[PDB]
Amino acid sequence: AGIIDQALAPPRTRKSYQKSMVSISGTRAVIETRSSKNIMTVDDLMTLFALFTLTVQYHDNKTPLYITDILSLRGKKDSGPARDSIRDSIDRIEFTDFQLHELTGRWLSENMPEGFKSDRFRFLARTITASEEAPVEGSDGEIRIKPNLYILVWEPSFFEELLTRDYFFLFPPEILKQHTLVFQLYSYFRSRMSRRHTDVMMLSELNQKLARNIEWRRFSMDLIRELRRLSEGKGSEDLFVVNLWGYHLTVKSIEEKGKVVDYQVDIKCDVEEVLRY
């Protein structure tokens, strides 16, 4: 859940294999993501977290989640294309296998002096669905369903962590309705920013840190438009501040002659973080 965000597919990409290089605790590892259909994209993250929330709120095992509650938590208007979109997202999450291969040998026991560890993980161990419409056959005869009721059986150990230490798994119900760049920014501040309470960063670094292959103009215009929409009316386009559910930002534009680059400063208020449930 912490490293999976680094091994997803680009948005709107339909592929069945992706090999990414990662490093955790100094240990370099190769993370593979494969599916019999299309692997998870970055945009699916939100949907995944939605499931997380709906798994925690229900238990207060097998977790029944209705499609309408998912649409509501995602802040999307109920319609055919919307239900089909969430259905495609959950379908990508369901058939995605992650596998982390550690490249540095470790000592395990007297019988295994040098041992390389690999972990093959899958979020949903089982899924039972209930649909109003009948399945369709499609090309090659492969079934396609339109479920309204989901019944999730998570991976056991992960499920035991879905009912224990529900902080990194519980995002604010309002951040799950936000833009993809806002979600990625809040998720980046939530995991890689517990070291300090004040920080200094640029938008140019934020592309390479969050959405690299997105060009600087689209990234800056979209994310700046969103943060400006969530900002307070106190400032102009050159200087404004955003609450961001505990991550009080302070964006300031830097100009050469007419061209601009933005510069943001955050002050992490840990209280409102836990308050945002």
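Throughout, we count residues from 1 along the sequence that is shown.
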Problem set entry | Missing from the model but present in the deposited sequence, between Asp60 and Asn61 | 10 or more
Seminar exercise, completed: Taking the deposited Cα B-factors and averaging over 216-224 and over 38-46, the higher mean is found in 216-224
Seminar exercise, completed: Quick note on 62-70 and 230-238: per-entry mean CA temperature factor is higher in 230-238
Exercise. Based on what the PDB entry reports, which of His197, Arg126, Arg83, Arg122 has the top C-alpha B-factor?
Worked result: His197
For this session: Sort the modelled residues of this chain by their C-alpha B factor and say whether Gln99 lands in the lowest, middle or highest third.
Result: lowest
Problem set entry | Chain third (lowest, middle, highest) by recorded CA B-factor, residue given as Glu110 | highest
Exercise. What third of its chain's C-alpha B-factors does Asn148 belong to: lowest, middle or highest?
Worked result: lowest
For this session: Check where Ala7 lands among this chain's C-alpha B-factors and tell me if it's the lowest, middle or highest third.
Result: middle
Exercise. Ranked by Cα temperature factor within the chain, is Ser23 in the lowest third, the middle third or the highest third?
Worked result: highest
